[PDB]
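Read off the chains here:
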Amino acid sequence: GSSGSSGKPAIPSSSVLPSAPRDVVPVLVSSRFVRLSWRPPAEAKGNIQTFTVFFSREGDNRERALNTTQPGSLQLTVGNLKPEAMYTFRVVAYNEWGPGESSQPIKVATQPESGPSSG
């Protein structure tokens, strides 16, 4: 796994930035959506607005971005996915400063939904 080669000038050395979240694990995965649960960062260094969760289909390079969590919850359910397909979910903390350390990219295979398989 190697992808990124990106960066901006005058950027903070992940000092006053929030530490990467706990290895996000697929507590609950569905055929259409996939829920994820992770622990909040102890050192936010300011005030966190929300958590950004990415998701992309196998092969493809780009990915969407869904940021929306409850007031006091680090759980976010991502829907509108494709069944019988490997997806790569991620998690990032966006605080006053900005996006701190990026979490580890996980791979979850959606559950089989009315698969075309001939028996």
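Residues numbered from 1 in each chain as written, not as in the entry; some residues may be left out. Heavy atoms only, no water.

- Method information in the entry identifies solution NMR as the source of the structure.

- The PDB entry lists the protein under the name Netrin receptor DCC, with Homo sapiens given as the organism.
- For this structure, the PDB entry title reads "Solution structure of the first fibronectin type III domain of human Netrin receptor DCC".

So, the overall build of the protein
Then, number 1: Across its full length, the protein holds zero helices and eight strands.
Then, number 2: Mapped in sequence order, the helices and strands of the protein form the string β-β-β-β-β-β-β-β.
Then, number 3: Oriented by its inertia axes, the alpha-carbon framework of the protein measures out at about 55 × 35 × 20 Å.
Then, number 4: Among the 119 residues that make up the protein, the fraction classed as buried is 31%.
Then, number 5: In the protein, the share of contacts with a sequence separation of at least 24, taken over all contacts with a separation of at least 6, comes to 60%.
Then, number 6: With an accessible surface of roughly 8200 Å², the protein has 45% of that area assigned to carbon and sulfur atoms.
Then, number 7: Counting 12 positive and 9 negative side-chain charges, the protein places the centres of these two groups 2 Å from one another. (Helix = DSSP H or I, 4+ residues; strand = E, 2+ residues; numbered from the N terminus. Buried < 20%, exposed > 50% of the residue type's maximum accessible area, 1.4 Å probe, protein only. Contact = heavy atoms within 4.5 Å. Areas by Shrake-Rupley, 256 points an atom, 1.4 Å probe, with all protein chains shown as cover. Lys, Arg positive; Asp, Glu negative; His and termini not counted. Charge placed at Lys NZ, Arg CZ, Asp CG, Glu CD.)

A word on the nonpolar core
Then, number 1: Formed by 18 residues in total, the largest nonpolar core has its most connected members in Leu36, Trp38, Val53, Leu81 and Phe89.
Then, number 2: Put simply, the parts of the chain that give this core at least two residues each are β2 (34-37), β3 (48-57), β5 (75-78), β6 (86-89) and β8 (106-109).
Then, number 3: For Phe89, the contacting residues outside a window of four places in its chain are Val34, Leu36, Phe54, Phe55, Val78, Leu81, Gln104, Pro105, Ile106 and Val108. (Core = buried A, V, L, I, M, F, W, Y, C linked by side-chain atoms within 4.5 Å.)

Quick notes on the sheet that holds β5
Then, number 1: Strand order in the open sheet made by the three strands is β1-β2-β5, with antiparallel pairing throughout. Because the sheet does not close on itself, it has two edges, and the strands there are β1 (25-29) and β5. For this sheet the average axis-to-axis angle between neighbouring strands, irrespective of direction, equals 25°.
Then, number 2: Note: β2 against β5, four bridges, orientation antiparallel. Bridged to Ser37 within β5 is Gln75. (Pairing = 2+ DSSP bridges. Axes fitted to C-alpha atoms, helices over the stretch in contact; angles between N-to-C directions.)

Describing a nonpolar patch on the surface
Then, number 1: A contiguous nonpolar patch, built from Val25, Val27, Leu28 and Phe33 and spanning about 300 Å² of accessible area, is present on the exposed surface.
Then, number 2: On the secondary structure map, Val25 appears in strand β1.
Then, number 3: Among the residues examined, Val25 registers a relative accessible area of 41% and is labelled partly exposed. (Patch = residues over 30% accessible without salt bridge, like charges linked within 9 Å, V, L, I, M, F, W, Y side chains within 5 Å. Salt bridge = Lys/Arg side-chain N within 4 Å of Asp/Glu carboxyl O.)

Description of the side chain of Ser103
Then, number 1: Its place among the elements puts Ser103 in the loop between β7 (92-95) and β8.
Then, number 2: A polar side-chain atom of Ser103 sits 2.5 Å from the main-chain carbonyl oxygen of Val91.
Then, number 3: Leave out the neighbours within four places in its chain, and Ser103 touches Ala20, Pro21, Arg90 and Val91. (Polar contact = N/O pair within 3.5 Å; in protein donor to acceptor, adjacent residues only side chain to side chain.)

Points about the side chain of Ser31
Then, number 1: Within the secondary structure, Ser31 is located in the loop between β1 and β2.
Then, number 2: Residue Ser31 is classed as buried on the basis of its relative accessible area of 15%.
Then, number 3: Aside from chain neighbours lying at most four places away, what touches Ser31 is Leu81, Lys82, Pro83, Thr110, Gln111 and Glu113.

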